[PDB]
Amino acid sequence: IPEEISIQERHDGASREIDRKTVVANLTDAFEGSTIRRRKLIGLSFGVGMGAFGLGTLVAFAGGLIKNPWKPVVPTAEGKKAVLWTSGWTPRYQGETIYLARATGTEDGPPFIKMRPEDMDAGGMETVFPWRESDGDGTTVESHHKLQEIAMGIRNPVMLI
Amino acid sequence: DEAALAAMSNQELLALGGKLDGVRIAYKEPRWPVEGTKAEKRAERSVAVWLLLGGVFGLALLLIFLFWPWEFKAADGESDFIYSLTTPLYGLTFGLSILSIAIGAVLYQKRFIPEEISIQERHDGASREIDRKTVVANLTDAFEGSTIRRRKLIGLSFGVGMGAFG
Amino acid sequence: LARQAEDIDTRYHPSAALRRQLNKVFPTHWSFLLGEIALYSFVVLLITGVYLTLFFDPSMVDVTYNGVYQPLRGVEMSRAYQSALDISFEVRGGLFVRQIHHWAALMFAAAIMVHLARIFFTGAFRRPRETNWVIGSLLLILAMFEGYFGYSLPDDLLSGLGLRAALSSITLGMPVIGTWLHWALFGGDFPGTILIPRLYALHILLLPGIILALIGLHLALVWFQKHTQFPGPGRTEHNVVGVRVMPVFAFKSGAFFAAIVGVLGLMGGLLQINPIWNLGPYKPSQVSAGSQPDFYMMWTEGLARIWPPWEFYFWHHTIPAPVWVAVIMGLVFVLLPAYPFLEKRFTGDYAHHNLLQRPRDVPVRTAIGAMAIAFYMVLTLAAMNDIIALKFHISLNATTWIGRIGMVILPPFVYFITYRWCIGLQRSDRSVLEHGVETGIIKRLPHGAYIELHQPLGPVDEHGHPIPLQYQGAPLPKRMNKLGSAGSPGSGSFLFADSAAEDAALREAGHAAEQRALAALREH
Amino acid sequence: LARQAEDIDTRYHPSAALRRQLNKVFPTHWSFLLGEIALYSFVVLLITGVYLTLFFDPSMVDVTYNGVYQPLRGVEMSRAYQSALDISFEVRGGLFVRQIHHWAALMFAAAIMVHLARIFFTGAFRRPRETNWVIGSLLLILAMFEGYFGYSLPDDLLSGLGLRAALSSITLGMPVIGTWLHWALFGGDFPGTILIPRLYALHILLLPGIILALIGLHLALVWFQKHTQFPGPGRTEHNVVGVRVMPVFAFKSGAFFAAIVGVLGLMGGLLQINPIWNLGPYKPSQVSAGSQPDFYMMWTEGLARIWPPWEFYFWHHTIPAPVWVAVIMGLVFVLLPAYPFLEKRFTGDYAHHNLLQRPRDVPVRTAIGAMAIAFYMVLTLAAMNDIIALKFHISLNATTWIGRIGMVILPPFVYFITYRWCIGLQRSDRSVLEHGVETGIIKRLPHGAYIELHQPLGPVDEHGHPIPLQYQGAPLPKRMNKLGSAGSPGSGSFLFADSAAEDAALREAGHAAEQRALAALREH
Ligand SMILES: CC(C)=CCC/C(C)=C\CC/C(C)=C/CC/C(C)=C/CC/C(C)=C/CC/C(C)=C\CC/C(C)=C\CC/C(C)=C\CC/C(C)=C\CC1=C(C)C(=O)c2ccccc2C1=O
Ligand code: HEM
Ligand code: HEM
Ligand SMILES: COc1ccn2nc(C)c(C(=O)NCc3ccc(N4CCC(c5ccc(OC(F)(F)F)cc5)CC4)cc3)c2c1
Ligand SMILES: COc1ccn2nc(C)c(C(=O)NCc3ccc(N4CCC(c5ccc(OC(F)(F)F)cc5)CC4)cc3)c2c1
C-alpha cells in the first residue's frame, strides 16, 4: 500500500459568533415566550409536585431491599435474639446437652460423632461442631437438612487444643 | 455578515438562525393579547391545582408505602381485608399522582405556550453530483492504488484462509 | 449559567448541531404517537425488569416450600417457582412490580400491532422506507418471542403446559432435523435441568440487547429520513409542516410519557394478572381446563386447534400434523417483511413518496388489510373455545367447526364489503365537492317546493350555484358546526359572567388570530 | 455494484458524511494503540461471556456431584460449582472458552493500566480533555469491580474466602450504616441464598451495560475532539499530521485486532488459569494457604495486610481496623479523577493544548507518577507475602515489616531519583544540540592530540564548528547509524545475489523517495 502523509485543519476553539448568538436567541425566546417567568404559582407548584412524586417513587423502589438487622428471630433460652448474637452453641431450653462432635468425611451414617478426652495426644488439634443428639445421623431428609445446616454456620467451628 | 451582528434584536437573530437551517416559522401568536383578565387568572389557577393534586398524592404514596399493613395475613378466622387493599393503594396513589402531573403539563402547553407553524425544506433525493463523484473517486483510488486487482494469488489465498478460519 | 455554558462551548463548540437539532420540524397528527406508546412501554419494561432481577433465582432443583403462603406449605416445587412466590408475598411491593411488568408487556404488544396497522394503511412503507418496514417486522417477531420466554420463567402448571406442548412437541416433529433440534435446545428429553437458566439468559440479556440495537437503528432512520405527512393546505412533497422541537415537541412527548406511565401504574395496581399461587408448581401428571397463552400467541394456538388431522405415513417414517402449523407460521413470518416489494412488483410504481394516502383512496390494499385482520380475529377467537362455549352456551364441536369454516368464508366476505365501503366513501366525498355542505335547513318556496340550503366551499356562478372544486387528497367538512357556524359561548367561568368589554375583546382577538393563521398558511 | 450503490444513494444520499469520515487523519505513533488493546479485549470478553451464559446455573442449593470427575464424587456442593465443573469437563471446548475468558479479563485490566500511564505521563489530559479523563477513571473502577464479581461466581473455596473477608467483613464494619448495608446486600447474614444470583445479574447485565455506554461516550469524545500529537517537523497546534483512515488506518487497526485475538487464544490454550477442581466447594470450616485475589485487587489486600491494628473503643461502641482500608481506598478513588483540576489550580495554566509533552520536560509530574507507581508496586508485592517467603527463604514477619517500612521510605527515594534523572536527560539533549552527534572515531592530530569527530546537525561557522540549535520539543538522534550513515546491504534474497542494475535502480529510487518525503514535509 502506498506511503502517504496528510494534514487535517483542526478548526478548534469556540464557535463562530454567528452560531452562538443564534442558538442563544432561540433558547431565550423559547423560554421567554412561554411567560413562565412571571407565573410564580405554576412554577412552584410544579416543582413541589415533581419533587414529591420523585421522592415517593425512589423510596418505593429502594424500600423492598432494606431489612432490620436487630429483629429478634432466633429462639433461645431467654426469649428471642438477633442473628448476630446467637452462634449455634447457644442453649435452647435451659440445660440442654451440646456435644463436641467431629467430622468424619463419610456419609454412610455418621458425618458427626461424639468424642472422648482420650482421643487426642498432648500435641494435637481438632475441629469440633455442636451436636445436639436430637439431630441424629444423616439418614432421613429431616436429619440430613439439620446436619447440612450445622456444617455451614459461620460461627460454629471450634479448635480443641 | 459582519462584526456588527450585535445591536440586532432577538427576532432578527431568530429568523436568521431559521433561514440558516431552512426553517421559516410563520404565524407565531401569544395566547393572551389583552393584559390581566379574569380568564387568564382562572386558567392559571386551573393549571396549578392539577400539579398540587399530583404532589399531594405523591406524598400520599410515600406515607402509604411506609405505614400500611402489608404482610400476608390471609385465613378464614381473621378476615384481614386490610392486606387485600395493600397493592391497590400503591397503584392508586402512584398512577394518579403521575397522571395529574401529565395533565397539568398538557394544559399548560395548550393554554400558555404560543401557537406556531413552521416549514422545514426537506431536501430529499439523490446527493449533489459533487459529493457522489468525489466519494466514488476516493473509493476507486483507494482500491486501485493497493494494486490488489492484479495480485490474484494474494487475494485468493487470503479468501481461502479467512474462509477456513471462519 | 453563563460561565459553565461558555466553557462547554470553548471545549466542544457544538453550537451548530444543537441549532440544527433544535429547529427540526415534526408533523402534528394524533396518529403519529402510536410508536411513542411502544417506546415508552419498552422503557418501563427495562426498568421493572432490572428491579426484578435482584430477587429471581432460575433453578430447576426441587425444594419444599416452607414459606408464608399456607395452602402450599409442604409441597415440593422448583427453585424458580419458590423465588416467584417469595417476590409475590415476602418483598414489600414486589407483586405490584411484577404486575406492572406483565401489563407493560401486554401494552407493548398491542401498541406495536396498532402502529403496524397505521403504517400499512396509510402507505408509509413506499420507496424510501422499505428497509424501515423490514426492521419493524423483525422487531415485532422478537417482541412476540421475548414475551413468550418471559412468562414461561416462573414455571407453574400453565407455563409448563405451554412450554411442553408448543416448544417441545412442535420442535420434536419437524421432518428430518427434529429431535436433533430438541436435544440441542433442551439438553435431552423435555423436563431437563438446563431449560430455565437458558431461558433466563435469553430473556434478560440477548433479546433485549438485539431489540435495543434495532430500536436505535429504527429511530435513527426515522430521524434522518424526515417524517411523512398527509396532504393539506400548504403541504408539498418537498417540505415538512408542523412545529419545531424546541419549545413544543419535547414538551408534548414528555407529557405523553408521563400519562402512559400513569395509566400503566393504575392498571397494574387495580387489576390482577397471572396469579401464580392459585396454580401449582409444574408436574407432568396434572392439568387444568383453560390453557391459553397471552393474546399475541393465541393465533398460533387457534391455528393448531382448527387445523384438520392430516398426517403422512410412508416407508419407516411419519410426518405428523403440527408440521402444518410450522410451515404456516413460517409462511406468515416470511410474507410480512416482503410485502412492499410484492406491491411494487404488482402495481409497477417505483417513485419517491413523502405524502401519505387516505385509506379510502386505495381500495384494494384496504380490502387486503381488512381481510388479514379478519383472519387474525378468527384465529384469535378460535383459541378461547372453552371460555366461549362455557360462558355463552354453545357446543364445543360447534365452535370448532365454526372456526374451521369461518377461516375460509370470512376473509372474502370482508374483502368484498371493504371494497364497496371504500368506494362509497369516495362517492360521498365527491358529492360534497360538487355541491356544498348540507346545512339541514328546509324551506318551502311559495310554489310548494322543498329545498335544503347547501353552503358552498368556494366561488359561485351567476345564478348562485357553486362551481365544482377538484379533489386534492385532503379531508372535507361534513357538519356545519365544524366550520365556525354556531359558536362563541359566554365568557364567564361556569356560574358567573364576565364583563362585556372582556368578552368582546377576547372574542375579537381570537377571531383575528384564527384568520391570520389561515391566511398565512395558504399564501406560502 | 453500481446499481445497488446508486439506489442506496438516492434513498439515503450520504455521499458527504462518508467522504468526511473517509478523509479523517489519525496520527501514527506506536503509543496510540494501548487503547485499542483494551477495546479488543473487551470485545473478546463480550463474545466469550455470551457463549458461557448458555451453560451456567447460578444457584446456591446443595446437591451431590455424581459426575465424571471421580475425586469429587459424593461430595455435597452448590449448583453453581457443579455447573462450572460441568462446563469444564462435559462440554466439548468449554474449558478452553473459560480460560480465554479469564485471560482476556487479565489483559483488559493490564491494558487499561498501561493506557492510563501513557495518558498521565504525556500530559494528554489538559484543558480540552479533563472530562475524557474523568470518564476513563470511572471505566477503570467499573472494570475492577466487574472482574471481582466475575471470578467470584463459581463459588469454590478461594472465591468464598475472598467474598467473605473483603465484602462481608469490611461492609460489616463501617461506622454507623454498616450492618444495614450488609443485610441489604446479602439479604441476611453472610452465607445466604440470594448472593450468587444477585452477583450473576450484576455481572452479566448491569455493569457490562454501563461499561458499554461509557466506552461509546469515550470513543465519541475522542472522535470529535481530534487526537493529540507529539511536536515534530511539520506539527502545529492547528493541524493533524498522519495518515487518512481510507486505505491505511482501518487496515492497521484490523490487523492489530487479529494479532491480539491470536495472542489471547494461544495463551488461553497453553497456560492454565483458575483450576477450580483442584479446590473444593466453599465450606466455612476449611481454608488454604494462598488466598490472593487477581492482580488488580492485590493492592487492596496488601493494604489490609500491612496496616497496623489501630482501633477505637468509646462508649458502647467499636470502630475496627478495616475502616482504615475503607477510607484509604475511597481517598485513592477520589484522588484519581480529580487530578487535572488540582494540577491546573497549582500550576495556574488554563490554556488549550494539542501538542503533547515529553515526560523528561516535566520533571515534577514525572516524579509524582513514579512515586505513585512505586507505592502501587509495594502494595502489590506485600500481597504475596506467603509465596515470597516460601520460595525465597525469608521470614514472614520480616516481609511484613519490610512492606510496612517501604510504604513510607520508597516513594520519596523514587521521587528524588526520578527528578534528578529527568534533569540529566534534559542536559544530555542540550549537549547534542550545542555540539554535533558523537561518531566514536578518534584521531591523533600530529601534535599528539585526541579529538572525536562530531557530526553537525545544521549549518557551520567559518572555522568548522557548528552553530548551536534551539530546542523544539522533539527527540534528537544519538547514534550515527540511525541517521543514514552505514546502510545499503546487498539486494539478493538471502543466499543468491541479484543483478547490479536491479540493485542500483532500487537503491537510487529509494533514496529519491526518502529525500522527497523529507523535503515535502519540511516545506508545509
Ligand atoms: C431473526 C429472528 C427474528 C428469527 C427468529 C429466531 C428465533 C425464533 C427467535 C430468537 C431465538 C433465539 C435462540 C435467538 C438467539 C439469539 C442470541 C442471543 C444471539 C446473541 C448475539 C451475539 C452472538 C452476541 C455476541 C456478539 C456481540 C456481543 C459483539 C458485537 C461488538 C459490540 C456490540 C461493539 C462494541 C464496541 C463499539 C461501541 C465501538 C465500535 C468500534 C469503533 C466505532 C471504532 C474504533 C475506534 C474509534 C471509534 C476511535 O475514535 C479511535 C480513535 C483513535 C484510534 C483508534 C480508534 C478506534 O479503533
Ligand atoms: C423487552 C420485552 C419484555 C417482555 C415482552 C417481557 C415480558 C415478560 C412477562 C410477561 C413476564 C411475566 C411476569 C409475571 O407473570 O410475573 C416476564 C417475566 C420476567 N421478566 Fe420480562 N419482559 C421483557 C423484558 C425484560 C427485561 C429487559 C428484563 C431484565 C433486564 C426482564 C426480566 C424479567 C424477569 C426476571 C422475569 C421473571 C420474574 C417474574 O416472573 O416475576 N424482562 N417478562
Ligand atoms: C466486561 C468485563 C468482564 C470481565 C472483567 C469478566 C470477568 C470474569 C471472570 C474473571 C470470570 C471468571 C471465569 C472463571 O474463572 O472461570 C467470569 C465469569 C463469567 N463471565 Fe465474565 N467478565 C466480563 C464480561 C462478561 C460478559 C459481558 C458476560 C456475558 C454476556 C460474562 C459472562 C460470564 C459468565 C456466565 C461467567 C461464569 C461462567 C464461569 O465462571 O465459568 N462476562 N467473568
Ligand atoms: C399455555 O398453554 C398452551 C396450550 C396449548 N398451546 N398450543 C400452542 C401452540 C401453544 C403456544 O404457546 N404457542 C406459542 C408458540 C408456538 C410455537 C413455538 N415454536 C418455536 C420452536 C419451534 C421450531 C420449529 C421449527 C424450527 O426450524 C427452524 F430451525 F426454525 F428452521 C425451529 C423452531 C417452532 C414453534 C413457540 C411458541 C399453547 C399454549
Ligand atoms: C480471594 O481470596 C482472598 C483472600 C483474602 N483476601 N483479603 C482481601 C481484602 C481480599 C479481597 O478480595 N479484597 C478485594 C476487595 C476489598 C474490599 C472490597 N470492598 C467492597 C465493599 C465495601 C464497602 C465498604 C463501605 C461502603 O460504604 C458505602 F456504601 F460506600 F457508603 C460500601 C462498600 C468496600 C470495599 C471489595 C473487594 C481477599 C481475597
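Easy rule for this one: first residue shown is 1, then count along the chain.
Header says: electron microscopy, 2.9 Å.
Just so it is clear, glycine is given a Cβ too, placed from its N, Cα and C backbone atoms.
Residues annotated as heme 1 binding site in Swiss-Prot: C:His101, C:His203. Residues or ranges marked as heme 2 binding site by Swiss-Prot: C:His115, C:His218. For C:32-52, C:105-125, C:133-153, C:176-196, C:204-224, C:253-273, C:322-342, C:368-388, C:405-425, the entry in Swiss-Prot reads transmembrane segment, with the evidence type sequence analysis.
Features per Swiss-Prot, on structure.
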residue  : record              : contacts (Cβ under 8 Å, 6+ apart)
C:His101 : heme 1 binding site : C:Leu45, C:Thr48, C:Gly49, C:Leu52
C:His115 : heme 2 binding site : C:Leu34, C:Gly35, C:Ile37, C:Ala38, C:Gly136
C:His203 : heme 1 binding site : C:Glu146, C:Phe149, C:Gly150, C:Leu153
C:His218 : heme 2 binding site : C:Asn132, C:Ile135, C:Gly136, C:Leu139
Among C:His101, C:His115, C:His218, the binding-site residues whose C-beta sits under 6 Å from ligand 2: C:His101
Highest-contact recorded stretch vs the transmembrane segment (C:204-224), from C:32-52, C:133-153, C:176-196, C:253-273, C:405-425, CB pairs under 8 Å: C:133-153
Outside the transmembrane segment (C:32-52), six or more residues from its ends: residues with CB under 8 Å to it: 26, 87, 97-98, 100-101, 104-105, 107-108, 111-112, 114-115, 118, 204, 208, 211, 215, 219, 227, 253, 256-257, 260-261, 264
For C:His115 (heme 2 binding site): DSSP state (helix, strand, coil): helix
